[PDB]
Amino acid sequence: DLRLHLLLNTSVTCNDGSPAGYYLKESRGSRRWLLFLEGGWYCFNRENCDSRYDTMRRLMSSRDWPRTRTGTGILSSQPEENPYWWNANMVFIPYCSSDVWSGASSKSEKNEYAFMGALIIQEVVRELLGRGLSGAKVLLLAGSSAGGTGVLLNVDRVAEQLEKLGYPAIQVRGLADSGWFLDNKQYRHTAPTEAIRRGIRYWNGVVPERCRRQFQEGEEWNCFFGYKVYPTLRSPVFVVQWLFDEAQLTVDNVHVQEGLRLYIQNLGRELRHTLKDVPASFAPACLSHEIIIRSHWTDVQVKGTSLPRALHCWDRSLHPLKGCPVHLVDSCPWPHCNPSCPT
Ligand SMILES: C#CCOc1ccccc1CCCCCC(=O)O
Ligand SMILES: *[C@@H]1O[C@H](CO)[C@@H](O)[C@H](O)[C@H]1NC(C)=O
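In terms of mature numbering (1 follows the signal peptide of the UniProt record, and there is no 0), the sequence shown is residues 69 to 258, 267 to 331, 337 to 400, 409 to 432.
Right, dumping it as structure tokens:
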């Protein structure tokens with residue numbers, strides 16, 4: 069079990085002003101630290117944040133959080149469930165800022181909600197250093213769905229924070245799961269680009285510095301899309317992305338005749354193309370959503386290699410490897426053409 073710690077700096081808050089926090093399970097002797105960012109969509113104005121507060125309140129407040137959480141998948145300490153990092157120090161950072169981990173805005177008389185995701189990560193890292201993180205050799209910042217996009221938005225800031233704090237030996241890396249989206253045409257029209273554009277203004281959202289300087293003022297929404305922000309990043313980032321992500325299909329209004342068949346096949350081809358120059362990636366041809374904290378995340382394979390093995394091969398590459414690949418992207422063009430896809 070991972071044990072809850074609310075942030076000692078109580079000015080770093082969830083949406084409703086309650087303290088943010090993290091769940092921790094230490095592993096003495098291990099110098100690996102895994103900080104996992106939870107996902108869960110987002111909200112982009114007062115009205116729809118109010119709706120989220122009614123029925124998704126745990127994603128906006130810590131007042132009802134449980135004292136413990138079971139580590140599952142890559143957060144599991146059992147080697148059978150987690151062949152990759154079962155002996156690592158485990159951190160689960162709840163997503164209670166509804167801002168894709170980009171905000172740096174306090175609740176005040178002008179703001180009904182605080183959007184502090186980017187500051188929450190920084191404060192967790194800061195407080196963890198006093199609990200053993202100072203002795204780390206590797207800090208893997210991982211995350212799923214909105215948490216996976218959050219990895220892309222925050223990994224370089226974490227590396228910069230530790231550098232300026234005097235810990236240049238800690239290697240910061242990223243693992244972005246199901247957070248790699250396309251700003252594509254909808255299958256049936258009425267969208268992420270505008271909701272994200274409105275979100276950033278609403279959250280005072282921040283994006284990585286090099287990407288911000290490329291796209292410049294008003295266009296920072298571009299940096300929420302993996303294939304645009306990833307080439308600007310200096311930290312190593314491993315990208316896990318279903319070719320037919322359910323969240324991608326949802327926003328594309330896809331729920337089979339030729340038009341939809343072509344739309345789906347093109348979506349997979351486009352995703353494949355964006356990963357062509359991502360050297361550490363795992364991208365199966367499945368219709369699914371999230372993987373790395375699922376208990377059976379060991380089951381899926383691309384070209385015969387599981388995701389836990391691909392991540393271990395990535396670790397070895399950061400010391409091509411014979412029989413230890415790190416770039417694993419399915420080429421078949423339809424969901425479940427890969428036989429190991431989840432049922
Ligand atoms: C296309 C699309 C989805 O829109 C986004 C685009 C770019 C970055 C982030 C998002 C939202 C991520 C939500 C994922 C679902 C979840 O968090 O469970
Ligand atoms: C608490 O967090 C805020 C927001 O990041 C920061 O400005 C302030 O310096 C922090 N205070 C302490 C004592 O860490």
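Idealized CB from N, CA, C, for every residue including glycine.
- If you draw a straight line from the Cα of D245 to the Cα of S213, it comes to about 6 Å.
- Judged by beta-carbon spacing, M184 lies within the 8 Å limit of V80, meaning their Cβ atoms are closer than that value.
- Here the C-alpha atom of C367 lies approximately 20 Å from the C-alpha atom of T217.
- At least one heavy atom of ligand 1 lies closer than 7 Å to the C-beta of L250.
- A straight line joining the alpha-carbon of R350 with that of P422 spans about 7 Å.
- Between the alpha carbons of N113 and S86 lies a distance of about 20 Å.
- DSSP, reduced to helix, strand and coil, places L208 within a strand of the structure shown.
- Closer than 7 Å to some heavy atom of ligand 1: that does not describe the Cβ of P284.
- As summarised for the stretch 302 to 330, the continuous beta strand (DSSP E) elements at least 3 residues long and confined to that stretch are 313 to 316, given in chain order.
- If you ignore the 5 residues before and after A156, its C-beta comes within less than 7 Å of the C-beta of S95, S98, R100, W101, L102, all in its own chain and listed in chain order.
- One Cα belongs to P147, the other to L388, and the distance between them is close to 14 Å.
- Minimum Cα-Cα distance from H73 among the listed residues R225, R131, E285, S166 corresponds to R131.
- A Cβ-Cβ contact shorter than 8 Å links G107 with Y163.
- Within the stretch 99 to 162, the runs of beta strand (DSSP E) that reach at least 3 residues and sit entirely inside it are, in chain order, 100 to 105, 157 to 161.
- The beta carbon of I188 sits no closer than 7 Å to any heavy atom of ligand 1.
- Cβ contact annotation for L76 (same chain, cutoff 8 Å, sequence separation greater than five): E195, in chain order.
- Across the set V223, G141, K175, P134, the C-alpha of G141 shows the shortest separation from the C-alpha of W378.
- With a threshold of 7 Å, the Cβ atom of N83 does not count as near ligand 2, since no heavy atom of the ligand is closer than that.
- No Cβ-Cβ contact shorter than 8 Å links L207 with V168.
- Within the chosen limit of 7 Å, ligand 2 reaches the beta carbon of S79 through at least one heavy atom.
- In the DSSP secondary-structure assignment, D245 is bridged to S212, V316.
- Here the distance from the Cβ of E191 to the nearest heavy atom of ligand 2 is below 7 Å.
- The beta carbons of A182 and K175 sit closer together than 8 Å.
- Beta-carbon to beta-carbon, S369 and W318 are separated by about 5 Å, close enough to satisfy the 8 Å threshold.
- For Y278, the closest of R137, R135, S173 by C-alpha to C-alpha distance is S173.
- Excluding residues up to 5 positions away in sequence, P365, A366, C367, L368, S369, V381, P424 lie with their Cβ nearer than 8 Å to the Cβ of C430 in the same chain.
- Under DSSP, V383 takes part in a beta bridge, and its partners are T386.
- By the CB criterion at 8 Å, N179 and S129 fall outside the cutoff.
- For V159 and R225, the gap between their C-alpha atoms comes out near 18 Å.
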